Amino acid sequence: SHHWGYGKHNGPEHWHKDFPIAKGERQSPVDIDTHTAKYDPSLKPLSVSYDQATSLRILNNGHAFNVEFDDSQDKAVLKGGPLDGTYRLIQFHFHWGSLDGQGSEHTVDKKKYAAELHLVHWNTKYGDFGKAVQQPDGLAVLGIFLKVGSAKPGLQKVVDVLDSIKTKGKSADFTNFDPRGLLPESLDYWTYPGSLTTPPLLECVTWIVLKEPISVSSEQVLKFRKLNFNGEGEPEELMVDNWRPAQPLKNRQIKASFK
Ligand SMILES: NS(=O)(=O)c1ccc(CCC(=O)O)cc1
Ligand SMILES: NS(=O)(=O)c1ccc(CCC(=O)O)cc1
Ligand SMILES: [Zn+2]
């Protein structure tokens, strides 16, 4: 069974023994060297179309928490930018640190943010998520950095349900949540071909990482850090530092949408 995690004994430096693609040619995350990324005029406008998004449930999976969406129809989709065709939102989750100075997966000129939001989408040409993760263009993940400052009003409903999903395997109803409240003003981005950042580390992802971070309050991120990796009744292991560090860029170029 899967027994990877983020500890010293099961963390990122161990994953390659059960998931050898961990040492592959298009792994994520990466450091975004802002001076080496090149503006790409070929990029078409990015279209985030979440008006009809239908959230259903929030789940503590022992690695992070997922806010899950009804992806049985094109209710919430990502198009444009580097993407060919339509990518449907299935879930979002975060990665965060034990302290405000770390937590993001991607870095920007080696800077680590306090957290990183991942909105996960699958290419509808492949019919469902499981088939999409067999394809090099199966997924698109919209990544958004979080810095600590003023509160993000649209995050507070997520924060407030976390007490009900403290431990691994717990879920709660989470209907009528609008993911548009988690976006920054600007859709300026960097993009590159990469992978899932957790096992199974599959190389299916077009990454779209927004330049502008959102601000969340210290009190909001402190509540993330009260979650548990462990199950109910087990010794407490706070869910913190659930991020993979930057991986080798190898034969890739990062493109910028902005000049
Ligand atoms: N390569 S990996 O998936 O990161 C991994 C690392 C450590 C163990 C040992 C876990 C145990 O005691 O069950 C199992 C699997
Ligand atoms: N952090 S990330 O790259 O946005 C990501 C997205 C989805 C999975 C789910 C993988 C699975 O279904 O096993 C794993 C990791
Ligand atoms: Zn993620």
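Numbers for residues simply follow the sequence, beginning at 1. Counting starts at 1 for both ligands and their atoms, following the listed order. Quick note: numbers below take in every heavy atom, side chains included, and nothing from hydrogens, waters or symmetry partners.
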Checklist entry - Looking at residues at least two apart in the chain, or sitting in another chain, which of them share a ring pair (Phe, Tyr, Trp, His ring centres under 6.0 Å) with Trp122? => result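 By the ring pair (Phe, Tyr, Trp, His ring centres under 6.0 Å) rule, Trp122 matches no residue at all.
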Item to check | Donor-acceptor contact below 3.5 Å, side chain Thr191 vs main chain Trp207 | outcome: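 Yes, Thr191 side chain to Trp207 backbone: donor-acceptor pair under 3.5 Å.
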Checklist entry - Which heavy atom of the protein is the closest neighbour of atom 9 (C) of ligand 2, given with residue, atom name and distance? => result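 Checking every protein heavy atom, the shortest distance to atom 9 (C) of ligand 2 gives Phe129 CZ, 4.3 Å.
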Item to check | Validation row, ring centre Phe258 to ring centre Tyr39 under 6.0 Å | outcome: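 Ring centres of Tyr39 and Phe258 not closer than 6.0 Å.
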Checklist entry - When the ring centroid of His95 is compared with that of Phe224, is the distance short of 6.0 Å? => result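 No, the ring of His95 stays outside the 6.0 Å limit from the ring of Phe224, centre to centre.
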Item to check | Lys255, NZ atom: more than 12 neighbouring heavy atoms under 6.0 Å | outcome: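 It does: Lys255 NZ has more than 12 such atoms within range.
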Checklist entry - If you count the non-hydrogen atoms of other residues, nucleotides and ligands that lie under 6.0 Å from NZ in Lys112, is the total more than 12? => result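 Incorrect, the count does not exceed 12.
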Checklist entry - Between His16 and ligand 1, does any nitrogen or oxygen pair lie at a separation below 3.5 Å? => result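 Between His16 and ligand 1, no N or O pair is found under 3.5 Å apart.
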Next on the checklist: So, regarding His14 and ligand 1 (criterion: nitrogen or oxygen to nitrogen or oxygen, under 3.5 Å), is there a contact or not?
Outcome noted: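 Yes; the residue has a nitrogen or oxygen that sits under 3.5 Å from a nitrogen or oxygen of the ligand.
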Next on the checklist: One residue to check: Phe92. Relative to ligand 2, which of side chain, backbone, both or neither has a non-hydrogen atom less than 4.0 Å away?
Outcome noted: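 The answer is neither; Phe92 stays 4.0 Å or more away.
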Item to check | Location of contacts on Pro200 toward ligand 2, heavy atoms closer than 4.0 Å | outcome: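 Under 4.0 Å from ligand 2, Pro200 contributes side-chain atoms alone.
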Checklist entry - Less than 3.5 Å between some nitrogen or oxygen of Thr197 and one of ligand 2, yes or no? => result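 Right, the criterion is met.
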Item to check | For the Zn ion (ligand 3), every protein N/O/S atom that sits closer than 2.8 Å, waters excluded | outcome: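 Per the 2.8 Å query on the Zn ion (ligand 3), atoms found are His93 NE2, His95 NE2, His118 ND1.
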Checklist entry - What do you reckon, does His9 put a non-hydrogen atom under 4.0 Å from ligand 1? => result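 Per 4.0 Å heavy-atom rule, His9 contacts ligand 1.
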Item to check | Per-atom contacts of ligand 1 with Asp18, taking only distances under 4.0 Å to non-hydrogen atoms | outcome: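 Heavy-atom distances to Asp18 below 4.0 Å select 1 (N), 2 (S), 3 (O), 5 (C), 15 (C).
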Next on the checklist: So if I count the atoms of ligand 1 from 1 in the order they appear, which ones are less than 4.0 Å from some heavy atom of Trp4?
Outcome noted: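 In order of numbering, the contacting atoms are 3 (O), 4 (O).
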Checklist entry - Quick one: does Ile214's side chain get under 4.5 Å of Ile144's, heavy atoms only? => result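 Sidechains of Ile144 and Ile214: in contact.
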Next on the checklist: Let's go through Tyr192 and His106 carefully: what are the C-alpha distance in whole Å and the side-chain angles of both, what is the deciding distance for ring-ring contact (aromatic ring centres under 6.0 Å, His included) to 0.1 Å, and is it a yes or a no?
Outcome noted: CA-CA 12 Å; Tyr192 77 96; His106 295 89; 5.6 Å; yes
Next on the checklist: Under 3.5 Å, is there a donor on one side chain and an acceptor on the other for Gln27 and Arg244?
Outcome noted: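 The answer is yes; a qualifying pair exists.
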Next on the checklist: With heavy-atom distances below 4.0 Å as the criterion, list the atoms of ligand 2 near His95.
Outcome noted: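 Numbered from 1, ligand 2 contributes 1 (N).
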Checklist entry - What atoms in ligand 2 come closer than 4.0 Å to a heavy atom of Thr198? => result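 Counting atoms of ligand 2 from 1, those under 4.0 Å from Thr198 are 14 (C), 15 (C).
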Item to check | Residue among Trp96, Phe174, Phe229 satisfying ring-ring contact (aromatic ring centres under 6.0 Å, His included) with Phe65 | outcome: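 Among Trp96, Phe174, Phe229, the one meeting ring-ring contact (aromatic ring centres under 6.0 Å, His included) with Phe65 is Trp96.
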Next on the checklist: Contact between ligand 2 and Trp207 is defined here as a heavy atom of the residue under 4.0 Å from a ligand atom; is it met?
Outcome noted: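 For ligand 2, residue contact (heavy atoms, under 4.0 Å) with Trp207 is present.
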Item to check | Min heavy-atom dist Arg244 to ligand 2 below 4.0 Å | outcome: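 No, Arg244 has no heavy atoms under 4.0 Å from ligand 2.
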Next on the checklist: Taking the basic N atoms (NZ, or NE/NH1/NH2) and the acidic carboxylate oxygens, is any pair closer than 4.0 Å for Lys125 and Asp84?
Outcome noted: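 Between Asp84 and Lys125 there is no salt bridge, as every charged N stays at least 4.0 Å from the carboxylate O atoms.
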